Asker: 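This is the structure, below, for whatever I ask next.
Proteins come first, then strands; the chains are lettered A, B, ... in the order of their sequence lines, and each starts at number 1. Reckoned from all heavy atoms, side chains included, excluding hydrogens, waters and symmetry mates. As the structure lists them, so they are numbered: ligands from 1, and atoms in each ligand from 1.
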Amino acid sequence: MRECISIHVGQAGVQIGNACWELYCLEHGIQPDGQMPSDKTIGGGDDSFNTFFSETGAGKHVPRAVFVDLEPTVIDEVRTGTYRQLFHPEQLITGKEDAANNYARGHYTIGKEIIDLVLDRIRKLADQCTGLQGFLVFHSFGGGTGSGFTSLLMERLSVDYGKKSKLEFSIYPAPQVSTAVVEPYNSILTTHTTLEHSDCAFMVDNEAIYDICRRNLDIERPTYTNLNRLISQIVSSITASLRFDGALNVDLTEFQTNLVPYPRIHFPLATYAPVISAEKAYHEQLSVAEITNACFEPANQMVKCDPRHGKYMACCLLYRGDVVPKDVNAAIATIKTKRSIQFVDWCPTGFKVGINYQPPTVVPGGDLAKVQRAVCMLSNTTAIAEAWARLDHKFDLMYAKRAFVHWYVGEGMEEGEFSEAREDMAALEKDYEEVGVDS
Amino acid sequence: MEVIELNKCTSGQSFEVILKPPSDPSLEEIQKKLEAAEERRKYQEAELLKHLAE
Amino acid sequence: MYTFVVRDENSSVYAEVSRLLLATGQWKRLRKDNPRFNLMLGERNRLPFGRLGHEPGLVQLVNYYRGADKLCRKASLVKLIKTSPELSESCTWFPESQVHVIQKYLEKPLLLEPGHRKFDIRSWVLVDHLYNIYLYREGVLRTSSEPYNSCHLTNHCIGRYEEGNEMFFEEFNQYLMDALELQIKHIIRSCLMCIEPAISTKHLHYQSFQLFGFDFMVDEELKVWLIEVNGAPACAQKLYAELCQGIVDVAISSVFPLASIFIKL
Amino acid sequence: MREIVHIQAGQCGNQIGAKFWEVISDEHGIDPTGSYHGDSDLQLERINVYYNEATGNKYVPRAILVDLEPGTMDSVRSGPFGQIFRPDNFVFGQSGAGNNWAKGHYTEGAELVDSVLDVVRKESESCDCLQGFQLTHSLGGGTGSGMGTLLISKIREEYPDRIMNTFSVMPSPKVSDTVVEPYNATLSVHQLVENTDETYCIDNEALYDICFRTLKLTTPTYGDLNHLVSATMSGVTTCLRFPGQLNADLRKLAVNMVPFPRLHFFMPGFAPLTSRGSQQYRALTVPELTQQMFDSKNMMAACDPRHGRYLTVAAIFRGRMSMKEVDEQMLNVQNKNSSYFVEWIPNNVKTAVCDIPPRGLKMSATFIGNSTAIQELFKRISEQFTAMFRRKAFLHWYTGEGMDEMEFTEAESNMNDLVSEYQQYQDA
Ligand SMILES: CC[C@H](/C=C(/C)[C@@H]1C[C@@H](OC)C[C@H](O)C(C)(C)[C@@]2(O)O[C@@H](C[C@@H](OC)[C@H](O)C(=O)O1)C[C@@H](OC)[C@H]2O)CO
Ligand SMILES: Nc1nc2c(ncn2[C@@H]2O[C@H](COP(=O)(O)OP(=O)(O)OP(=O)(O)O)[C@@H](O)[C@H]2O)c(=O)[nH]1
Ligand SMILES: Nc1ncnc2c1ncn2[C@@H]1O[C@H](COP(=O)(O)OP(=O)(O)CP(=O)(O)O)[C@@H](O)[C@H]1O
Ligand SMILES: Nc1nc2c(ncn2[C@@H]2O[C@H](COP(=O)(O)OP(=O)(O)O)[C@@H](O)[C@H]2O)c(=O)[nH]1
Ligand SMILES: [Ca+2]
Ligand SMILES: [Mg+2]
Ligand SMILES: [Mg+2]
């Protein structure tokens, strides 16, 4: 058994973290007090769920998780809420004042003052590990902390833990729920500095999640709570292979080997189905062929983009519930003749499939109906570059006038970093174009 | 439609279906950048305080 | 009030289209960089398809189908005609085939008299957001003013009866009636329906329509040979007013309502 | 980022200041004796931003009251909420400032300023994490204008990494006390452009027109004018005082509102516009709140937003309403009038919604605009400044306090540069 440490940075990172861990607890039969009746081994074990949870003598199952934020209010909710007992205080780390939606402020100014404490708290968890695989890092692109402190933390993790793999779960900014005009800046700045430190990054566009909650859950005006419960289902389905017995994506490294041939192009597109409203009194239970076809609908993707006008490098289908290999193969075969699926010529045209018999767990009183089968597709396609194009453009518009730049320079960041970062993104966009486009 | 590497356990199964074959900065560097930014802040504040003293 | 942007100043077709919309009175034209539009009359090269359909509170449309360049690029056209299962089969209407395409030359064509002159057929085809295929009832026969020298080419860079070297369909019927209404419709829908799954904006966040110029060459036995498709065609004079108004009628207004002359393939 | 220190200076500054505390004490359920009596915990969640906790569940405004004469502050001390303020936080001289910027800034004010800083320092030192400062004052008199800006300069010197925020009343001939108001205002703006992060431009010219035309008051008083001011001040501080996501502290607000350091002068607005003792029976709809808050006739800076473009906008909705409707209406305004929002700052309009409505209203909305049209206010002041300065009229009142002509010339040129700088983005 090899351990995984989760790290949640800033409000978005922390709130998603809470949703995930609540779900992990329900999936593994763990109560908010940390007690787990199902676990016959007391105070120890090397089961698959021990990759995410450690154990004490009292039979308490503690998340291998660290929560970090530059102001106390979001993590205070963890310290006082339902799962207050779950975490020990030293995991829950807060500063006094936030990064004010300013990358430079979270990376340079405040980051320098708290980075060593955070790393030493992480070392505390790491020294409890017999074979640490690495880290799962949750954060926003748009926030001062999510962007600024995360990129600093990633850099120092590559130093303190050079061998370990690092995976990201990143929230991409959407104006419908965004809180800052400078979010495109923070997104490009953090992506530039983090690129070489992240092995595989799962990008989630708030716009996509928002619209999925509107159209499929019948939620008029989605809150973060609505978004995060959906997000934590997708995260759970991605990490399930590390937490349960199986043979696909069983270690962090395998995510890179299966999904990421080119180190820079490490942003797999996630697509999930079905998302069914808990309010419906008559659920038409979807079949394997149906939920698998849904994986090729832009409407179900974590980032809205068009995979038809890009090339696939890899594809993984992760099923939960009543699903047999025969029905997946029948589904894949039908879909191949009705969908535009073009792989790069230096890669096999195929799918790695994983099935977990337990149907998705839902939160009681949540917006999600329980279903008999669900699937999350992970496909490294060049089409996700559309999200970079959109981001880069907004950056270009503001930067041309140097709007808001003084806020960053005033924190001690040099103006050159802006252009160094935009260049990296220009190259990144060029890399996708070489891979995905033919003329 | 060739199915490769079927693995089954009590929790589930996994396999691969192939449709068609193919055709970092050191600690010191980080401290250096952080300190350079700190010094620029220091310089900027110093210039402000100089202005105010005038 | 609807809003739109123009990102290709040089389009003669869409200059009139823009001209027509403003005249409606219910359309306001915006700066090229204003994202808050309903309609995009896009640039020919590197159109930012990735930036459409991400504006809350706005139904967006563009005058180009992403990926239709497979039809409209000669080198791309050859591979697609050769490699695709449904298009490669039945393909008796395609001549055997910087970067270049050398393709089998039609030894002898149909020849109009007097003159012993050559000519080609350009038809206009509009595809809307619903992926309906709309041929234009008027086609243009571009002619060479000089006798076939077995002149070889009719491109305006390269007029006793033909005014501007343009014979306008009706006269052609009479010549066919004097000297001598199918293969063209089969060719248009064969190419476009082939590429349907790859370009359709049926359930996308934004939508498309596009004007295509299908160039044809007819032969001795009155068999029609297709030479390429034009992604950014221009209309013939006197046909501009009619055609452009139809574009507004069926590709824009149909999505953006205010307050026929196309044959549906 | 919790505590804010509030300062109020001079006659106008103390009178609008007093009303501000009166209004927000009521919203937070604080009685005139400083004890809580509300029915919602939403009232106490972020109360430490403006109030210190004393002994016996007593809440005391983190407020400092400054003036160069005792009159207005004796009146405040006698007012409805007079006894809520901390006695030691009253700092005052006896001589007055004679509507003279130089006396407030250089002579009279300089004698009193250390003692104010002593009280400021004491408040700041017991702050868990000081956000920064909020100053209320007028630009047209001598104490609020001259000593107010002196204080700002001194505060920036001790607290250089804190946010400085002002509610600044701009003088107008329609509501004038003395002819020297343009001199005092021009000298002040000079200070404000360099030393504040955010200034709410509250124009007595606009406040008057709203009272006269919109509210149909034949004879507006300072009381009527201050009624509008305190409602606006409650609205623009709503995001600081109640739980929320957007612009929840002073620095995040500045990062969202100010793309260039010097351009931090805001045009505020409020809806529905109401007179004192107004009937207020029909609640406004979301589309009504929205159309009214964006309407030029509703702005409190006496500038026409239609002549310019918005760099940035913050909107705050209050009351129980549909967030779906609010999002729709805000998108509607921007999409139907996109030309008025600079395209080189994408998504530059941010919306907040607080459940708790202000007193007397089921629903309201507060507007905060950074519009290039604000240049019109400074151009107006510049014109009046110049009509007098060309003849050196009334200058003797200032040279007698030790000032030189060249400081006026410098102040005038810096305000003209400001107008130029707003103009350059009006067409870009
Ligand atoms: C959008 C920013 C904004 C600029 C414009 C032009 C905006 C647009 C719209 O508001 C959003 C107008 C609005 O939709 C209405 C027609 C309902 C209405 O409110 O318009 C005004 C007159 C209009 O200017 C003509 C107004 O003063 C104004 O400012 O309008 C009379 C008013 O009588 C009740 C009513 O008829 C400046 O902040
Ligand atoms: N999906 C989701 N997005 C969130 C959540 N909270 C914040 N965001 C998004 O995160 C982006 C940046 O906000 P934050 O994460 O709150 O900022 P931060 O990391 O705390 O940084 P600072 O507060 O500036 O120090 C915005 O685009 C928000 O829309 C959340 O709970 N769920
Ligand atoms: N197989 C063939 N048989 C007879 N004539 C041919 C031929 N191939 C080309 N030609 C002649 O040369 C012309 C070349 O025009 P072509 O369509 O190749 O370029 P073009 O000038 O029309 C650029 P565009 O893509 O904008 O239409 C043909 O229309 C025809 O007149
Ligand atoms: N809105 C408003 N403006 C005021 C009030 N009192 C004075 N003014 C304006 O303030 C300016 C005079 O400054 P004032 O505050 O009286 O002088 P000070 O005591 O030296 O600061 C003039 O422009 C007046 O129009 C008030 O109560 N409300
Ligand atoms: Ca165990
Ligand atoms: Mg935060
Ligand atoms: Mg007075």
Asker: Does the shortest distance from the Ca ion (ligand 5) to an N/O/S atom of A/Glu55 fall below 3.0 Å?
Answerer: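 Here the distance criterion (N, O or S atom, under 3.0 Å) is met by A/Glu55, so yes.
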Asker: Any ion pair linking D/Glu198 and D/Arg251 (charged N to carboxylate O, less than 4.0 Å)?
Answerer: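 No.
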Asker: In terms of side-chain geometry, is the basic nitrogen of D/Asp128 or A/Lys96 positioned less than 4.0 Å from the acidic oxygen of its partner?
Answerer: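 A/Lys96 and D/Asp128: salt-bridged.
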Asker: Round to 10° and report the angle made at the Ca ion (ligand 5) by OD1 of A/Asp39 and O of A/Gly44.
Answerer: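 Taking the Ca ion (ligand 5) as the apex, the two atoms subtend 130°.
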Asker: Are A/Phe404 and A/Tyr185, when compared by the centres of their aromatic rings, separated by less than 6.0 Å?
Answerer: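 Judged by ring-centre distance (under 6.0 Å), A/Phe404 and A/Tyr185 do not meet the cut-off.
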Asker: Looking at the rings of A/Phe53 and A/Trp21, which for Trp means the six-membered one, are their centres under 6.0 Å apart?
Answerer: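 Yes, the ring of A/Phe53 comes within the 6.0 Å limit of the ring of A/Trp21, centre to centre.
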Asker: For A/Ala19, what residues pass the side-chain contact (heavy atoms from CB on, under 4.5 Å) criterion, not counting sequence neighbours?
Answerer: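 With neighbours one apart ignored, the set is A/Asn228, A/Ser232.
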Asker: What pair of heavy atoms forms the shortest contact from D/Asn99 to D/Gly141, and how long is it?
Answerer: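 Scanning both residues completely, I find the closest heavy atoms to be OD1-CA, 3.8 Å.
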Asker: How far apart are the closest heavy atoms of D/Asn347 and A/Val181, and which atoms are they?
Answerer: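 Heavy atoms of D/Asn347 and A/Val181 come nearest at O-CG2, 4.1 Å.
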Asker: Under 2.8 Å from the Mg ion (ligand 7), which protein N, O or S atoms are there? Could you list them by chain and number?
Answerer: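 Near the Mg ion (ligand 7), below 2.8 Å, one finds D/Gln11 OE1.
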